[PDB]
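S.K.: Provided herewith is a single structure, encoded as structure tokens, for subsequent inquiry.
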Amino acid sequence: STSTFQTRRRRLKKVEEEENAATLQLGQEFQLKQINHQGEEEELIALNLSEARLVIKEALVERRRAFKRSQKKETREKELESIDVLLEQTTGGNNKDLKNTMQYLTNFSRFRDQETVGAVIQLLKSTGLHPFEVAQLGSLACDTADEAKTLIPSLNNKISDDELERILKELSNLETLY
Amino acid sequence: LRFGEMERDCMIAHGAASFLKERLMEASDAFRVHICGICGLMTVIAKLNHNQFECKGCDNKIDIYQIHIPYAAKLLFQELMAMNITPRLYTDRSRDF
Amino acid sequence: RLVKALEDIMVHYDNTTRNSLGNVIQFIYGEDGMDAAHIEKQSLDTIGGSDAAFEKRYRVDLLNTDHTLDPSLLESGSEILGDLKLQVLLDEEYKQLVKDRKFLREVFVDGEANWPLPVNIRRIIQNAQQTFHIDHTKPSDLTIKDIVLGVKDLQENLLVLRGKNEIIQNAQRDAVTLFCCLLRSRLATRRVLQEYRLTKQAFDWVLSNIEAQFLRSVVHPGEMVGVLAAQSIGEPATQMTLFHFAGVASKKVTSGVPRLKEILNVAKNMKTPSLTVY
Amino acid sequence: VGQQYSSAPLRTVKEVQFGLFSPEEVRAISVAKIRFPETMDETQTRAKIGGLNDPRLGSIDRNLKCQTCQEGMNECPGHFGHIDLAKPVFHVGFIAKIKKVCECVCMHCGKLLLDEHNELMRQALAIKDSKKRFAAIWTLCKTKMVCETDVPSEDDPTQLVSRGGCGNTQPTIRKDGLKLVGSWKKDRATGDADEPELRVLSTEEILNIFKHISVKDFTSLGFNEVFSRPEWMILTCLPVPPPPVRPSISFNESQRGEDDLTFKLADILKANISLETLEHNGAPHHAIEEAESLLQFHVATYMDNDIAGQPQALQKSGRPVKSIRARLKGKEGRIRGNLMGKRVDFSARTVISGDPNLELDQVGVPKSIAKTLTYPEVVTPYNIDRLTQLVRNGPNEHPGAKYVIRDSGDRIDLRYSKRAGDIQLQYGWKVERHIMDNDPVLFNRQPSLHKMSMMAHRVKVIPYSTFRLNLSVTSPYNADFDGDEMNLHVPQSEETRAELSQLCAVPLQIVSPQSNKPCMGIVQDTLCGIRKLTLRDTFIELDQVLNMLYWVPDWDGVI
Amino acid sequence: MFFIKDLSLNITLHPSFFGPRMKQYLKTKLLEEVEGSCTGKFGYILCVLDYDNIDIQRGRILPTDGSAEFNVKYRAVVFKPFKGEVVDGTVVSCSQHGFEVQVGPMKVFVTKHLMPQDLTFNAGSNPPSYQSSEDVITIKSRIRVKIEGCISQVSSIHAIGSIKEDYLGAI
Amino acid sequence: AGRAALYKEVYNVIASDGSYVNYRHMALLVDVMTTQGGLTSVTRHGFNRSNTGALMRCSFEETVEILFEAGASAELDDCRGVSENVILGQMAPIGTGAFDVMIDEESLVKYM
Amino acid sequence: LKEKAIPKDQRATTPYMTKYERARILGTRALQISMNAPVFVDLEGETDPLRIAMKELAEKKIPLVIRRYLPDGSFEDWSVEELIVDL
RNA sequence: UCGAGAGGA
DNA sequence: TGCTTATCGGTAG
DNA sequence: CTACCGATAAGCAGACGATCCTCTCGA
């Protein structure tokens, strides 16, 4: 059993706090400002579909490098197969849930290359909004200012309707080609 | 053979913590029970096959811990529970001192 | 009742005698911080005797013909005579010896010398003469500077309490006192030669074997001390049994287990209230 | 473990929090409703009724049940049930506390007699204790029995300012058995002329006051905000203990054989069912109190039957009932009889005899005792073949084994087992093998006074049913071979085997720290002979001098 | 919806494995139990990040057994949903009641009621479909769904989503 | 000045009937009887009613009486004594159990 | 409260290994050798795990680290190699 | 199993 | 070995 | 001279009293 990180204190029963919703009312475990293994007070680490995609690959590519070290003593359709083989070399057949996620992340990635992602993250995580709001802006493709305000209700009063429209067009130009 | 009060005190004086525990637990009582992380009481409905480890009046199947305690100690906590006294067993330190 | 009262009492890793709650009972177990099984009844030669015999056996006077060391005891008997620098350390040696006499008499007021103390120094000197097969006719290899400083360095190596601050350091000095006084009493510059005739090879081994026997004699953190004390007081109570004390007239005085009941109960009872006046 | 694997993580209880049961949480905790006062037979047929005993809890005769959780008699600790009380009832142990609280906190308004404005109140609250802080509150609030609205005059110029509610006179309260009575004064040229007015104080009255008591007023009297609230000192709902607490037993087959508390709890139900109808139907006022007092008595005698000044209570035939207080009471009763002293497995005892051909650290174990005792030895490449000969020699030939525990929790009783002859013995298998020679094992003697009496002795299997031992090691045990009986406890781990040999060993305990001198020495025939020997008058010829040197085990061979 | 969560697990290791090839076995036993598993408290534990530089501290040995308790501290990726979260995935299962959508490792269902009225299920089509005018939902077809409700269930989080709202529907 | 006379009155009982007891044992019980402020009585009221946790004190005489008061005042047992761990059936912090032991990975490869 | 841990530098405890530390180290190491744990010292036909646990100490090839607790809660992580065995 | 008595080092 | 509760007589208001 | 502040007595129950071990005899 795990259940660690943000623990203590449970002072009898407790009314479960509140419901988990997209109105920034997140779980009693997921806070905007949380702790760290080092001990520092770090901001919530939320990633969108293109951000997280490159994050999981970075680890699994490095995993194959380390696992084979101890043994001694791009493109649309080609990315699908390369990831499929990579999951077989690092993880066992038991992890079915990971295979479904990788297939989904690569198919719906708004920004395939790491080069584009850097600027995207420097464009959104600068505005002064919640890290999860970013994880939905970079995930969901929005053309209208009102489209983004409806899908991500956490905004509405947080950002100006026109100022947000400026951002939407930049991500449209930043978009990857499939 | 009884390992009474006098028999305990001598093994204490020696400084032998494990033998005293071994005579009191494994060689005598010893019981493996499930305790709640929230209420801290043995209220746990622990099912070892269907894994339904729910606690009535907590609903959780997460914060649950197994413990190696004597049958006489468990019985004492149950006797005090019947006497409107709550000996809420807490695994975590909340005062340090 | 005794063992249930002193259950929690145990020596800690900071040489202190605390309990379950964490309150301090003794800052250093038994005032000295020693393991009770590593102690013998040893006599102190500083407190015992007249001031005339004490002057004869311990005073080293290089600046005299009759009160100096004969060259049949030391290798450098003639060149050590009448030295100013060497006698300074032998004035320091005797002034530390006269300090112990006035301090020991301040403590053991009755005049008792045979006190329970660790490290059998009386046996270490006995064993030294056997280990090296030393004769009395031939002189020692060492000098006065080797002896007086040898004991000085030895007193430093005896670490009961490990410290860095003024408090633990002053507590370390208090913890020894009685022992390093017996050590001054037994390893006096003249006593080493006049009585033992110890060589540099023998003396060096003796200092090293003294600190080793002393560090072995320190308590073991985890020792149930209070639990052990309870049995060490509880057990003799079963053997007594038997009141009259005269003497020294004391006929109607509560003695043994009936007297003990009152002490442990307290309970303001009359029983034997007879107060002593001087 | 109490058998089988568990998914949840195991951890040492670093602290235990005490408190009281909230009658609200007991209803949430409860697995069974509890209605029928009968226990045995479903509907006077067979297999325990859905009322008392297993309605949805603790299993009975060779049946698993246990509210769908099953597991059976072994592995189930029992599950608590609840019972709603018709009218509130005071708890036996808190009779004094409730009396003192009502004498402190003033009723009608539901607030303290003393307030922050009083200098003595500041002096009483100053100590941030719990019991000692409350001790000072008890003596001050004891007198001046009347509530106040305005009191400051020597902190404020002259005029008084508001602080409290209704200024009602607090009555003097005394304990008249199981109930409390408050005496209201007044009488100043009005009603009752001189003698004060007496009103009986029922649980319902007291509980209402205690509910109205402020959160800060609890902390002043030393109470908790969630663990111990004054409202929980008066029972409105009773938790019923499951069968592992109050067993069924049942001798023969078609019999009851129930525990004392199983009958006592049914008596409460019988005292409750009467009130249940009395409060519902034509209420005769002073006929309900005559039954309510019986329920107040039944609930109190269940917890404490020792008990008070005048009541006693018995379970006819003429013998009282065993209460919970009397069940876990001092000296041979749960705390002392079952948790500070326990009868333990892998032990032995027999009449003790002395021997000069034994070593100081050795003990002469009779051949049967070593044969009827086993130590668990795990199968490693360091033993295997050794254990293989113990397995084949079995439980009859002295150097043998009784039980072979596999990788999975399964015992192979060689006395029975059909495959006793074969057995391949896989690695990491526990072998309950007979106690061999030179085994470090705890040798006891009663009374065990000082650190000694319980030393570790180097085992030596020898014939004749009597515990042999060295003669010089008689002083640490203080016994003599005039029929003295000594205990023995066999360790069951490699840890405890070292914890004995490297701490409790006979030579380690040679020098008694009690008096900083040894507790052992040469005595009797050895003492008498050494005096006769060590003198100038006696000499030994060549024929006897060589045998004398040969008798020494550590002899150089040099004459 | 994806989060990088810092967390730790307690591992009890047998003494027969106390060798040089122990820390590599500690890490393997870790991702054997944690990676792939799902918690209601944290979400779907997808992948364990940084196999190198993993703090294990020191494993305290247990009282009457040679086993040691290691508190392995690690960093992993979690997929946790919310009751209001709008996510775009692919429809997999389809019938008369509604359709199931695969959003990452989690299956989300949409009822005939939670979807628009001006659609209706088409039985006479293989694979089963949902038509409207020119827009048809089949065995695949990518859609945008708003999570109306979130369900715990065993060690596999499931949800109940809707496509009947402005700027939702199909993509 | 009291602890010295208390020791003097305790020593006189041991000295009257032969067998010697090491100063430390007698100085100890006396030091426990004084380090409280005054004279701690070795009875059900004197020492038994102390700062110690509910279990350490319920082990001696006042059983159910102490448990009631433990639940009334909501007393917290810190589980750091002899009796409490003895009851709980846990390896108590006494001698051998007065320190936890871990295994070092740095040293594991160092010896191979 | 947070971390506490007195470093391997500046230590108030005794460098000598207490009989209690030795006995736990020996008991547990013998328990491990008894639970098929790997031996670091070059064994010489020793059938008893306690006999092995004793020769592991003579060569100081034990990977066990002792956590010696203080009454205030703080701890000093001392290794078997550091601790001098005199007794 | 409970309760009462007898006896032992 | 304690505790509990009236009665008492006394200084100052 | 009276109201109040604490003084000593009147009245007054509480719960504990070696550690282990052997055996019979009922209701």
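S.K.: Taking every DSSP beta bridge with both residues inside chain D, roughly what % is antiparallel (nearest 5)?
M.R.: Looking only at bridges with both residues in chain D, the antiparallel portion is about 80 percent.
S.K.: Only sites in a loop by DSSP and with at most 12 other Cβ atoms within 10 Å count here; which trypsin sites (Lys or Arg not before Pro) in the stretch D:395-489 make the cut?
M.R.: Of the trypsin sites (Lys or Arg not before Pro), the ones in loops of the stretch D:395-489 whose Cβ has at most 12 other Cβ atoms within 10 Å are D:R415, D:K418, D:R419.
S.K.: Amide H neighbours of B:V33 under 5 Å, counting only residues 5+ apart in sequence or on other chains, H built in-plane at 1.01 Å?
M.R.: Placed amide hydrogens put B:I67, B:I69 under 5 Å from B:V33.
S.K.: Taking square-rooted eigenvalues a ≥ b ≥ c of the alpha carbon gyration tensor, is the stretch A:1-46 rounded, prolate or oblate, where a/c under 1.5 means rounded and, failing that, a/b exceeding b/c means prolate?
M.R.: Taking the square roots of the gyration eigenvalues as a ≥ b ≥ c, the stretch A:1-46 is oblate.
S.K.: Same structure again: Report the paramagnetic label zone for C:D204: residues of the stretch C:126-149 whose backbone N is under 14 Å from a point 7 Å from Cα along the Cα-to-Cβ axis.
M.R.: Counting backbone N atoms under 14 Å from the label point, the list is C:141-143, C:146-147.
S.K.: Longest segment of chain D with no GluC sites (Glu not before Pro) in a DSSP loop having at most 10 other Cβ atoms within 10 Å?
M.R.: After excluding every exposed loop site, the longest remaining stretch is D:254-540.
S.K.: Calculate how steeply helix G:19-34 sits against the longest principal axis of the alpha-carbon atoms of chain G, using the helix alpha-carbon long axis, and give the answer as 0 to 90 degrees to the nearest 10.
M.R.: Here the helix axis deviates by roughly 50 degrees.
S.K.: Among the chymotrypsin sites (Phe, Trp or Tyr not before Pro) within the stretch D:447-485, which fall in a DSSP loop and have no more than 13 other Cβ atoms within 10 Å of their own Cβ?
M.R.: Answer by residue number: D:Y464.
S.K.: Also: Between the stretch D:360-382 and the stretch B:36-53, what is the separation of their alpha carbon centroids in Å?
M.R.: Spelled out, the Cα-based centre of one part sits 41 Å from the other.
S.K.: Would you mind checking D:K342/G:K60; B:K47/E:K29; D:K99/D:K186; D:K48/D:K264; E:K23/G:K61; B:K21/C:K4 for any pair whose Cα atoms are more than 29 angstrom apart?
M.R.: Beyond 29 Å between Cα atoms: D:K342/G:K60.
S.K.: Grab the other residues whose beta carbon is less than 10 angstrom from that of A:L155, score K and R as +1, D and E as -1, and report the net.
M.R.: Value of the local net charge: 0.
S.K.: If you don't mind, another one. Restricting attention to the stretch C:81-172, which chymotrypsin sites (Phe, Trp or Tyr not before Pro) occupy a DSSP loop and are surrounded by at most 16 other Cβ atoms within 10 Å?
M.R.: Loop-located and lightly packed - C:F108, C:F132.
S.K.: Something else: Kindly express, to the nearest 10 degrees and within the range 0 to 90, the angle between helix E:23-33's C-alpha long axis and the longest C-alpha principal axis of chain E.
M.R.: So the helix axis and the longest Cα principal axis differ by about 30 degrees.
S.K.: Please give the helix D:289-303 orientation as an angle from the longest Cα principal axis of chain D, in degrees from 0 to 90, rounded to the nearest 10.
M.R.: 20 degrees
S.K.: Now for a different question. Which ordering of D:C102, B:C10, D:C166 is given by a fewest-first count of other beta-carbon atoms within 10 Å?
M.R.: D:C166, D:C102, B:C10
S.K.: Percent antiparallel among DSSP beta bridges with both residues in chain C, to the nearest 5?
M.R.: 90 percent
S.K.: Which whole-Hz couplings ³J(HN,Hα) result when phi for each residue of the stretch D:520-530 is put into the Karplus expression 6.51 cos²θ - 1.76 cosθ + 1.60, θ = phi - 60°, listed in order with x for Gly and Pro?
M.R.: 10, x, 5, 9, 6, 4, 6, 6, 4, x, 5
S.K.: Does chain A come out rounded, prolate or oblate, given a ≥ b ≥ c as the square roots of the eigenvalues of its C-alpha gyration tensor, rounded meaning a/c under 1.5 and, failing that, prolate meaning a/b above b/c?
M.R.: Oblate shape, in that a/c is at least 1.5 and b/c is the bigger or equal ratio.
S.K.: Could you tell me whether the stretch E:1-82 comes out rounded, prolate or oblate from its Cα gyration tensor? Rule is a ≥ b ≥ c as square roots of the eigenvalues, rounded for a/c under 1.5, then prolate if a/b exceeds b/c, otherwise oblate.
M.R.: Prolate, because a/c is 1.5 or more and a/b exceeds b/c.
S.K.: Moving to a separate point now. Looking only at F:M26, F:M56, F:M102, which one moves most when chain F is put into a Gaussian network model with springs between Cα atoms under 10 Å?
M.R.: Result: F:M102 has the largest fluctuation of those listed.
S.K.: Based on alpha-carbon centroids, what's the gap between the stretch F:11-48 and the stretch D:125-173 in Å, whole number please?
M.R.: 43 Å
S.K.: To continue, here is another question. Determine the calculated [θ] at 222 nm for chain D from helices alone, applying -39500 (n - 2.57) to every DSSP H run no shorter than 4 residues and normalising by the residue count; nearest 500 deg cm²/dmol.
M.R.: Computed mean residue ellipticity for chain D: -7000 deg cm²/dmol.
S.K.: Same structure again: To make sure I understand, if each residue's beta carbon is the centre and we count other beta carbons within 10 Å, what order do E:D50, D:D156 fall in, fewest to most?
M.R.: With the fewest neighbours first, E:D50, D:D156 line up as D:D156, E:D50.
S.K.: Strictly over 20 Å apart at the Cα level, which of D:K33/D:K65; A:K13/A:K33; E:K27/G:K4 would you flag in this model?
M.R.: A:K13/A:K33; E:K27/G:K4
S.K.: Note down the relative contact order for chain F as a percent, whole number, built from C-alpha pairs under 8 angstrom at least six residues apart.
M.R.: 13 percent
S.K.: With springs only between Cα atoms under 10 Å apart, run a GNM on chain G and tell me which of G:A30, G:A58, G:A12 wobbles the most.
M.R.: Comparing G:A30, G:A58, G:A12 in a Gaussian network model of chain G, the most mobile one is G:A12.
S.K.: Hey, rough spin-label estimate for F:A4 and E:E134, points 7 angstrom out along Cα→Cβ, what's it come to in nanometres?
M.R.: Distance between label points: 11.0 nm.
S.K.: In the stretch C:125-237, if the dipole is taken from +1 on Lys/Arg beta carbons and -1 on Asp/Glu beta carbons about the Cα centre, which of C:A229, C:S185, C:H136 is farthest to the positive end?
M.R.: Farthest towards the positive pole: C:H136.
S.K.: Neighbouring Cβ atoms within 10 Å as the yardstick, rank G:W78, D:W555, D:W232 fewest first.
M.R.: By the 10 Å Cβ count, ascending, the order reads D:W555, G:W78, D:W232.
S.K.: Of B:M25, B:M42, B:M11, which is the most mobile in a GNM of chain B whose springs link Cα atoms less than 10 angstrom apart?
M.R.: Of B:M25, B:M42, B:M11, the most mobile in the Gaussian network model is B:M11.
S.K.: Can you list the residues, at least 5 places off or on another chain, whose amide H is less than 5 Å from the amide H of C:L142, using H built in the peptide plane?
M.R.: So C:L142 has HN proximity to C:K200.
Neighbour counts are summed over all protein chains in view; Cβ atoms, including those assigned to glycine, are modelled from backbone coordinates with ideal geometry. Where a number appears in this text, it was derived from the coordinates with a stated rule and is not lab data.
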